[PDB]
Structure formats: C-alpha cells, structure tokens
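Enquirer: The data below comprise the sequence and an experimental structure of the protein.
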Number of protein chains: 2
Amino acid sequence: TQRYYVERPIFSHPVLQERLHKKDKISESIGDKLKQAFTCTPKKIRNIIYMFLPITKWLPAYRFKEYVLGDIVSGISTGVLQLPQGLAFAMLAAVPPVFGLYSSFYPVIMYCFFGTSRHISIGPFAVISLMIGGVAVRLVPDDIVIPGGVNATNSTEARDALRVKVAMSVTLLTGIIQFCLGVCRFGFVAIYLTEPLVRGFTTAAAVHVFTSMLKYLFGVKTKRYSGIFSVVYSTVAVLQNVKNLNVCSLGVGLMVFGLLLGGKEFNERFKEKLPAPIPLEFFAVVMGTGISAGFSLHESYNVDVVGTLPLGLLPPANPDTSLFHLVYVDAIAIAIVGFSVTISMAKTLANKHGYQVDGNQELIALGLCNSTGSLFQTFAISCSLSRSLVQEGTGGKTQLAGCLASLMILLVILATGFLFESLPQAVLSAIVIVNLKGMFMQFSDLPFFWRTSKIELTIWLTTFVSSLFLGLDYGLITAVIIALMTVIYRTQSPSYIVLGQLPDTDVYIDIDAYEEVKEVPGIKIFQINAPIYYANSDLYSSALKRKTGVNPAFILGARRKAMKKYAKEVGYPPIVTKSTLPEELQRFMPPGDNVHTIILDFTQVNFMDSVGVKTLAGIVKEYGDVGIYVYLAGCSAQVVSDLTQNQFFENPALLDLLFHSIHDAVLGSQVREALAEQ
Amino acid sequence: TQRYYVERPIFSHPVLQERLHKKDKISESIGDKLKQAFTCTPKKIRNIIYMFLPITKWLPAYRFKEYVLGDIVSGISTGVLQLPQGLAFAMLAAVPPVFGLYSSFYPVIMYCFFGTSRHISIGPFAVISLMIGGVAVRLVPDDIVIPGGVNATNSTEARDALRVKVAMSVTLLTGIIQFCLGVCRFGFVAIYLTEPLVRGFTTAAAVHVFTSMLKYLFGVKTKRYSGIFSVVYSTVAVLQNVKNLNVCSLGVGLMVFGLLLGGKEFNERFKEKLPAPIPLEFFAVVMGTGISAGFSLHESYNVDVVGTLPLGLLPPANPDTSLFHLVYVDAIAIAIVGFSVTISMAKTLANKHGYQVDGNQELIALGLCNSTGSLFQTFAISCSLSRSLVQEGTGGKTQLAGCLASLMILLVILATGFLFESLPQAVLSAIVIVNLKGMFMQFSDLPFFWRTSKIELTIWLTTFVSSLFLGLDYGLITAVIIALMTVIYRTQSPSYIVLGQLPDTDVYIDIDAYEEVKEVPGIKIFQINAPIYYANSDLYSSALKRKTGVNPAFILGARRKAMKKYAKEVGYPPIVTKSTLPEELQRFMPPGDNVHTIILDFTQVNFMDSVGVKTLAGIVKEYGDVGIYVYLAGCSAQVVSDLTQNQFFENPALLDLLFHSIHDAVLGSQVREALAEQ
C-alpha cells in the first residue's frame, strides 16, 4: 500500500487535450524516395548484387581441420540418401527414372548458385504431378494413341513420353509464375499458411503416398485412378486384386523392410557420439540389387524390375508452343497449389537456426531453379525435411558438399547404367514407407489441441479430411478459406463481461467469477473484447441490452402501462442529448434496478467503421431519450479519429462523453450526481 | 488535481490473484434444456403459434376515423403503382405479362398471411431471371425448336413457354432453399452484407437495367445477349443499330418522359400537407393507352405494342421432374445469389421504424411465398424500396390495404383484358427510368467515403465495377469474399506506436505526436492495437525490433566485434530467465541507448493463438539471453488463459512478469532497479 500514489485531476477528453499541443514530423515527397534515390552510389549496387547472390559472401566463410571433413561427409550422406528417394518419386509420378535423376541433379546446382539457406533438399513430392498424369490419361486413353502404320504391337513408351511432356509444361508454368510472384516482393504471402494446417496437410499427403505404394509392394498390377476419392478407388481395387499376387515380391519386401527397421532400431539403441550416421538406404539398395542378381529376381520369377536406364546427357529440348495454351488452361490451379505447398514448406524449414533469410529472394532463386529444370526435362522441386535433418544431424552446416552430392550422383547418371536396370519396386516402396515415420507420428497433435482449444483442432481436422477425400488442390484451397474465416468467427463471438470494481481501489474485474468484487450502485459497466465493425455490431447491441437487464424497450412499455393504469381521471442547435426523467413521481414504479449511467469500455476496441458509428449513435440517442447517461472509456487517437471523421462529432456535447480511464468515468459520473444535489 | 487519489499497493499478477477467490455458477445439464423443456405448457405452444403467425395479433390492433381511410388510400396507391412496374418487369424478363401479373398477385397475399413487417412490396428484380433466360437461349436456339410436322411458319410462343418453365424451375429452387436455410435459424447470415456493398451493388444493377431499357425506348429490335460483358455487347449492338429506328417511338417516349418529370417537379414544388401523393404512373398509363388508341400507334405506324393478354385464372400446373435435375445443376448458383440479394434488401428495409422484427421468421415467410408462387407459375419476389416509401409516405402503416391492392389488381387480371393489349414498351421504359432516380443519386457516397476512409471506398468501387462488367452473381460473390478479406487486411497493418509518459502522472501517450510528453530513461514501451494470431506475428516481432531500435541481433554482433577488438592479449529446473550482463566493463562500448526493460502493452490484444505464444516465448527468451527485462500489461482472464493453456506457464518465473497496468509495470521495474543497488 506504499507505492502507486496518483492524486490526479480528472481528465475527461478536453482537459487532456488542452494539456498538450501537436507536432508535424512530415516533409514533402512522402514515400517519394525516387527523387532522393536513383544515384550511382557503389553502396546500393554492391548491396543489390549481395542480396541477389549470397555465394559471393559465402566464398570466404569456411572453416577447416574438421569443418571440411564434416561438410564433405554431410554432402556424401545426403546425396546417397537423395538417390533412392529420387528413383522412388520418379517411379511414383509414372516417369522413367532418368528424369527423376535429372530432377535430383540440375536444381541442386541451380539452388547452390541461388539461395541463402545453408540447408536444402530436392524433390519431395510427385503426387500432384501424378494427378496431372491422371488428367492426361483422362485426355488420351492408355492404349489408343495413334492407329497408324508403325506396326508396333504394344509399346507403352508413347504415353510415357506424353506424360513427360505434360510434366515439363506444368513445371515451366510453375517456375514462371514463381519468378512472377517473387519479383513482386511477396515474401509475405507464405505467412497465411499456419502450423496446424501444414501439419494436417502433410499427414494427409503421407497417407495418400502410403496407399499408392501399397500396390507396388503387392506386385499385383492395377490400372491407376485419380481424382476425387482417388485413394478410395485405388485401395478398394487393390484389395479386390489381392487374389493372384506375387508371394515372392511380398516376401522380399517384408524381409527388407523388417531388416531396415531392425537396423535403424539397433543403431538408435547405440546413438553415441562415436557412432556416426549410417546411410541405411545405401545398404538397402546394394542388398536389393545383389539378391536380384543372385536368385534371378526378374522374369525368371516374373517379378517386377526397374528396367533399362537411358544413360546419357540430354540436350535441353525446346518446349514448343503447340498445346501449351490448352494444357495450362487446366493446369493453372494445380501449378499454383503445388507451388504454395512447396514455398511454404521451404520457408518454414528455413527458420531453424537463429538466422535471417529473405523471402522473396528465396522465391526468385527457386523460380530460376524450377524454370531451368523444366527446360532441362525436369519436374517440380522443393526441400524434403529429413534431408536437412541429415545435413544438420551430420553437423555439416555449409551447402558446398550438399551441392557436391549432385556431382556425386553424376557418376550414377553417367557411369552406372547396367548397375540399376535390375531392381524391383517393393524395395523403393519400403524405403519411402520407412521414411514416413515422422509424418505418421505427427498425429500427436489431436489430443494436444483437444486439451488446448477448439479452433485449431477444427482447422486441423477439416484440412486433413478435405485433403484426404478430395484432391490435394481442393483440400488446400478450402483449408485456406476456412483458415481466414475462423478469424472472422472469433470476432463474431467475443466474451461480453460486466465489470465489478475491486473495493477501495481503481481496478475493475468481472463480478461473477470471484465473489469478492462489488458493483457501484446506480452504474453499469459493459466490456467487449473485440473490434466493432459491420459484421459485429447488432450482436453487441442486443447482447448489451439483454445482459445489463436495462433494455429500454420494455422499460418504455412498462412506463406506458404504469402511466395509463395510474391514469384514472384528468387530475448552435439546442439539441438536448440526455432527456430528463419523464417520470412524475408516480406510485406504479416497475420493480427492478435504478441505474443512472452506463459505462462502455473501449480499451479493447481496435477499430470501428461506419456501421459501428451508426450503432453507437443509436445507443447514445436511445439511452439519452430514456434519460440514462452513458460514457466511453479510453481516449485513444484511432477511435477518436474514427468517431470524428464519421458524422458523430458535431459536438452538441459529445466531446464531454469521453474518458481516458474507467475510474475517471466513474468519478465523473459520481461528481455529476453529487452536483445534481442543489 | 483534487479528485482521483489512489495510493494502491503494487499488484503484479500474484498479489491480485491472492486478493481474490473463485466462484462456480455452473450446474449440470449445461445447454441441455431438453431435460427441462418439452412440456405441454400452453405458454410455449401459444408463443410458437404467435411467432409463426403475427396476423393473429395484428387482428385487434387497428385504429379508425382516419386510420382506415389512410390505410385504404395507401393500399390503393401502392397497388396502382405496382401494376405498371409488374408489367415492365415481366416484359423485362422476356415473359408474357400475365405471369408478371401472377407474381404481382399471389405472393402479396402469401406475405400478408406470413410476415411481420408492416410495409412490403413485391417483384423488384427480373435481371437474374433474364440471365437464366439467356442460359436457356444458350441451350436451345431462338428459331430451332422442333422441325416436326406442325406446319407453323414462325411462332415464338414455344421458346417463351420454355423460358417460363425454366423460370418456374429456378424459382421453386429458390423458395425451397429459402425454407431450408430459414428453418435452421439463420437470421444472422444476412449480417455479412454491408451498407456500402449493397449501395454499390444496387447502383450497378440500376445501370444494367437502364442499358437494357435503352433499346425498348429506341424501338429498334436486337438479339439479346447475356453473360460476361453483357452490357457492353448490348450497348454497342444498339448503337450500331441506331440506323433505321422508329422516330415516332422515340418521340412519344421522350414526350411522355418529359411530361412525367414535369409533373413530378411541379408536384414537388407544392409539397404541402393538403396535396396528397398523386399516382403519376396511373396518368402515364392512361394517357399512353388513350393516345395509342387515338392515333393508331400500332402496325398502322408499325410501332411496338403489348399484345394480347391471356385473361383468366390458371390452375397450378404440376412441375414435373423431367429435367429439373439438369436445370438446377447449373441454376443453383444463380438461385442462391438472387436469393441473398432479396433477403438482404428485405431485411435492411425492415429496420425502418424502431420496431423489432425476427429474421429467420421473415425468411420462412418469404420461402412460403416463393414456393407457392413458383408452383402457381410465378417468378422470384422481394420488396422494392420506393413502394414502402409510398406506404410510409402515404402514412398507411398497416399492411391490410397493402395486400388488398392485390385484390385491386385482381380486376385487371380478371376484367380488363382488351384494355391493355394496345400499349408500347417505351412508356414502361420511361416508367422504370424515372423510378431509377434515387439509385442513380446513390453516387454521392464516392466523395463522402473518399474523405472518410480508404477501405470502404475500396470495397464500394470494387463491388460496383465487378457487378457492372461481370455477371451479377460473380460480382456479388467476389464482393463478399473481399469484404471478409478487408478485416484480415486491417488486422495485418496495425498502428505500432511507442508510448511516452505524461509527466508526473500515470497516463502514457505516443511521443511523436505532441512534443510535450517524455519517456522514462532506461525503459521502452511498445503497443500493438491488434490481436496476435498466426497471420500477424512476425510482422509484430520485426516491427518491434526495428522500431525500438534495440534489435538484439546487431547488438550481439557489435558486442562480439568490440570484444574481439579489445582482445589483444591473454590478459525445479534452475532455468534462469533473464541472463545477467555479459559485458565486463570494456571500453569499446557501442554508442547508442541504455535500456534495461521493455514493456509490451496488451490492453488491445483481444486474443492469441499457438503461433503468437511461440513468438512471445521467443521474444522473452531472446531478450533475457541478451540481459534485457520485459513485462506485459494487462492481466486479463482471456490472455492469461491463452498463455496458460499453451506451453508457457511452467512458472519458472513467468508469473512474475505480469501487471494489470502500464504504470504498475513502470513502478515495479523502477523498484527492481532501485533494489539492485546494494
């Protein structure tokens, strides 16, 4: 009770206004830096070169004597992990693996040339390109290509080249739109994608891909289906075709999968410093190819296989404007959605170390990567998670050996072509399924958010379900829409609370939560913790009337009833704001409360609008007509301006209805009542 | 300086917490009123009957000796005005006028049976039904109907019946969806449509209809065009076809229009009590028909005409489910959009007198009206503005003679059929163009909003332009989307202001606006007037760092530079929140400011989320690591809960970082500094 002594005069609005003067702070050419920019200063040019090219400044900063070795081992490990994942994803998107290797190779060096993140991976998604191949199959049948005179019995390479072409088209579209959007300084557009939304989205995608690799584990072939409920159709078709599968395929897949989990668990039991990360994928692939060569795991057992690798560089084939118009006409939505996923994933992965990274810069860098790749016969690209978890778990922070991993895979795409034609698909399916562990453990958020709140759980469940059932593009877009809608909903249902003054103090708290605060007689206090705009005004008015229990409508009606019942015989603009009491000391007083002023707390109201101003004017006019005073709380500049600009401050007297604190309003009302005693 | 004496102990968080206890207030069966509802009490049943049927209670309340006469004259005037408008709109939507009369007649009595507003009109729009007829023309050509063996040369009645059928279908759809949506207690969905949006939308519609009636003034026929840029095509086609028009048609139209404006202006110059409202439409129609009969204003002059009226009652033809599926498959969007326009217009017109009106109730009442009409071969319905402006300007508040106006038009639709076959279209076009005066004067909002703000002008212009160029449905839907987006945008760009304490007081105001307040040395204050959620957190962090000028990144970097430069020779979980000073009294102090605590004002933060909590934790951890204290402002229950539920309140010490006022935080920090002096 020692400190916090105030003893202050009562500032309503005008007193504090007169206590102060104004400033200017403003010059000419506001925002018009062009008249002061545009010089040949070396500083601006060199800085522009710096921020469009970071490797210039990455050049010196490189440590040694263990930093080099850690970097190199990191790059080697990440490349050897990237390889089989590239193969698997290329097989996923229904393309010969050589183009998956092209994707694994070219954008890596492109990014190393352009990119500020110290950690990176390439090609974590093929499902959207899958849906694109589905649309292309919907365009041309899988067996009716050209009935000409080539005298080919049944070759499926033509449709495959078709799918490659459509992938090139969509990826060029994506890269170009990415350059276009990045150059406009939209490092902010990524912000609209929230953590729970991304979590649920990625989990749904993991489910989709697991369902897809189920069949390539089973060996039993099946026509692929895309579109709405695509997972449903594919799953039920596979379960129908369980009859007549390959038992040896399932056996080898299960054996290798179990061995891989056993190795990973055994390594994880001895996770010490001396044990360095071991590339399980490399052992998996070498043993798979060795066993395939040993026991003749091919047409000898009639099991599936990789097939011949077109070992050799391909010059960049020109994308000819023949049907690019028509194809992007219906590829636009898919391009932009797969886009938004990629950019969001990349940027959220960027914020790992306490380091600053430019947004639009990385956008443009990836745009160059994408356009160049698609011109080099390459599909879409982004950064896969676990790969940086390697670069970081390896301890290699720099990206040098990371991009050197591309030169490392260069030998495979240049030297070893016979080494890889013989290999099944179940092995790759096992690889990806094992990789899916973290995404499948992402489910922990359900009880956590359940205990946490309702809104974030709602968004997570809705985006997950929509992405699962419907296509990925539709799921994402509806998720974003509802994400922006939840904010409106939250501002639709605020917490209307009536205050109660803590005794002999100036703090005001809700009454019905503590059974220790009491309310000052004859006054009422009403607080809304949400801005007042068009969609939220009438709720506020009605809630106020029904919560203060002072609804003037029935008050007036009961007054009329009482007066007519007591009635048994004959016995510049001077606009008054608050009417005097219409009562003439009758004896038919409607039992209830006697409140003489109402206090509207505005400490939470961030902004207003025309509709809010109209509603406030209505409230003021109504209560003054009844004969009840009202006051506001908080002479903030924004709200003062909002009232002023709108047709409110004609100052009949309304400037005399402001306060800069709740307590000031309380004291002022009490003083007015006291002065009323003549 | 007399009043407002406080002398209060310093409540941070825990002190005020211990000062109070809690309550319960909660029983079982929360929200489960079903166990206490569901009885045979006459009260609930009678009230339900009351709120599903108001005319029961309208029955007694009816005044006399001038109230009857005013009501009757109001009803007669409104009917005689409704008639020609009904004719014009029916001609607008490309339908024989008899069905326009059906629309003018049946829903009126339906509404009188079901509806609580004392003022009403019917059938203010036909443009959406026009676009529907456009789609139907897009379905079947205007001249290729059935090449059979009927031996009819060229009759256009078949396509007209087709358009009537499609109108019936869409209107049944609308009525049924209206019942469906109203029964679910959505009196709130109308709230999303704001005043400026509706203003711009209605103005755009007025422009469209004026463009449409241009040709029917010109007499020069033209194939009608709908869709995107529809106004553009129709306008340019008419201006191309200006050659070979009918001069007599234009002459009579201009003469009658000028005479009508002259009469209206002359009446408005003598707007006194004794002059009662005169129905200008009635004089217009009678003189038009008289002159048409006199000088043979028909095929004698080859000018246009109304044509024969199918005088007679039509039994309700059954809507057969033959192509209803296919037609609503692409009529859904148009139905729902024309819907939303109608409901919004009706409800906003309801709030005229200080009276309460139920929303979902009126929704269901209009749904019955619409379904019954569409079953009786009737198109869509709503309330036109000026008509109630008549009912009110006439002074007739009750709706009795208003619905009796339907019985008044009954004579025309039953007795006078020869009286109206002979009449041109330019007269009706003049009627509607004259009616458009208020909608065309709605343009005044442009400079008003220009001086007012930017957001509402933005929304008004955008909705107006989109409705003009594109179709009405597209314009409306994009307007609603951007309307909900502007709120997000407003929360994206708050007003970051740094406070300055008013001397020897406890009020804190922005420094750089008044050049009279000063800041307390060693402290800094930061206020955001917007909630902190996912889409708005990083903006807040970065703005804070760059505005307080205390960005710890460069502070740490400069500290490292200074230390290495001064370096020239060798000479339960105890988690500390704020680190001590890492400085060891060097001499290379980076020149700048010395601030020892930061104050985050939360009096505006309405709510938070997971991302906001993470960002706050990051800020706290960072600044404590640097060695800078921080504090919050406002121990509100909502924000306290938000921090608590999220992984924040493990109370290492964080409960000791709260305050219920800015001044409390200031004093507490000063006390901590003072106590630091040992």
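Expert: Happy to help now that I have it. Residues are numbered from 1 along each chain as shown, chains lettered A, B, ... in the order given.
Enquirer: What are the buried residues along the helix or strand harbouring residue A:340?
Expert: Secondary structure from DSSP states H and E places residue A:340 in helix A:324-350. By 16 or more other C-beta atoms under 10 Å in any protein chain shown, the buried positions in helix A:324-350 come out as A:324, A:327-328, A:331, A:334-347, A:349-350. For the C-beta atoms, the positions are set from N, CA and C on the backbone; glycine is no exception.
Enquirer: Strands along the stretch 501-650 of chain A, start to end?
Expert: A:508-510, A:523-527, A:597-601, A:629-633 (DSSP state E, counting those that start in this stretch).
Enquirer: strands paired with the shortest one, and their directions?
Expert: For strand A:508-510, the pairing partners within the sheet under DSSP bridges are strand A:499-501 (antiparallel).
Enquirer: Could you do the last one as well?
Expert: With DSSP bridges as the test, strand A:629-633 is paired with strand A:597-601 (parallel).
Enquirer: which other residues reach the partner strand?
Expert: A:499, A:522-528, A:548, A:550, A:623, A:628-634, A:662, A:665-666, A:669 (C-beta atoms under 8 Å, 6 or more residues apart in numbering or on different chains).
Enquirer: if we can go back for a sec, list the helices and strands the very next helix or strand once past the helix holding residue A:340 packs on?
Expert: Where DSSP H and E defines the elements, the next helix or strand beyond helix A:324-350 is helix A:359-375. If you count contacts as 3 or more C-beta pairs under 8 Å, 6 or more residues apart in numbering or on different chains; DSSP states H and E, helix A:359-375 packs onto helix A:42-52, helix A:97-113, helix A:157-182, helix A:324-350.
Enquirer: which residues sit against helix A:359-375?
Expert: Contacts of helix A:359-375 (C-beta under 8 Å, 6+ apart): A:51-52, A:102-103, A:106-107, A:110-111, A:114-117, A:168, A:171-172, A:174-176, A:178-179, A:181-188, A:190, A:316, A:319, A:342-343, A:346-347, A:350, A:379-382.
Enquirer: roughly how far apart are the spatially most central residue of chain A and residue B:606?
Expert: Ranked by distance to the mean C-alpha position of chain A (C-alpha atoms, centre = their mean), the top residue is residue A:193 at 1.0 Å. Distance, residue A:193 to residue B:606, by C-beta to C-beta, to the nearest Å: 23 Å.
Enquirer: what does residue A:548 give?
Expert: 21 Å.
Enquirer: rewinding a little: near chain B, anything from the helix holding residue A:340?
Expert: No. Figure legend: helix A:324-350 not in contact with chain B (C-beta under 8 Å from any C-beta of the partner chain); closest approach 10.8 Å.
Enquirer: and the angle for that helix with helix A:157-182?
Expert: Interaxial angle, helix A:324-350 versus helix A:157-182 (axes from the mean of the first three to the mean of the last three C-alpha atoms, to 10 degrees): 60 degrees.
Enquirer: and helix A:324-350 with helix A:359-375, angle?
Expert: 130 degrees.
Enquirer: So the residue lying closest to residue A:338 once chain neighbours are set aside, which state does it fall into?
Expert: Spatial nearest neighbour of residue A:338, chain neighbours left out: residue A:128 (4.1 Å); criterion: C-beta to C-beta, 6 or more residues apart in numbering or on different chains. Here residue A:128 is recorded as helix under DSSP: H, G, I helix; E, B strand; the rest coil.
Enquirer: Now do the contacts for residue A:128.
Expert: A:334, A:337, A:338, A:341, A:380, A:472, A:473.
Enquirer: Adding distance to residue B:495, write those out as JSON lines.
Expert: Listed next are the contacts of residue A:128 as JSON lines, based on distance: C-beta to C-beta, whole Å:
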{"residue": "A:334", "distance to residue B:495": "40"}
{"residue": "A:337", "distance to residue B:495": "35"}
{"residue": "A:338", "distance to residue B:495": "37"}
{"residue": "A:341", "distance to residue B:495": "34"}
{"residue": "A:380", "distance to residue B:495": "41"}
{"residue": "A:472", "distance to residue B:495": "39"}
{"residue": "A:473", "distance to residue B:495": "37"}
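Enquirer: hey, where'd the strands end up in the stretch 201-350 of chain A?
Expert: According to DSSP E, counting those that start in this stretch, the stretch 201-350 of chain A contains no strands.
Enquirer: which parts of the stretch 301-450 of chain A sit against chain B?
Expert: Within reach of chain B by C-beta under 8 Å from any C-beta, the stretch 301-450 of chain A has these residues: residue A:356.
Enquirer: what's around the residue of the stretch 251-400 of chain A found nearest chain B, how many residues?
Expert: Per C-beta to the nearest C-beta, residue A:356 is where the stretch 251-400 of chain A lies closest to chain B, at 7.3 Å. For residue A:356, the number of neighbouring residues by other C-beta atoms under 10 Å in any protein chain shown comes to 10.
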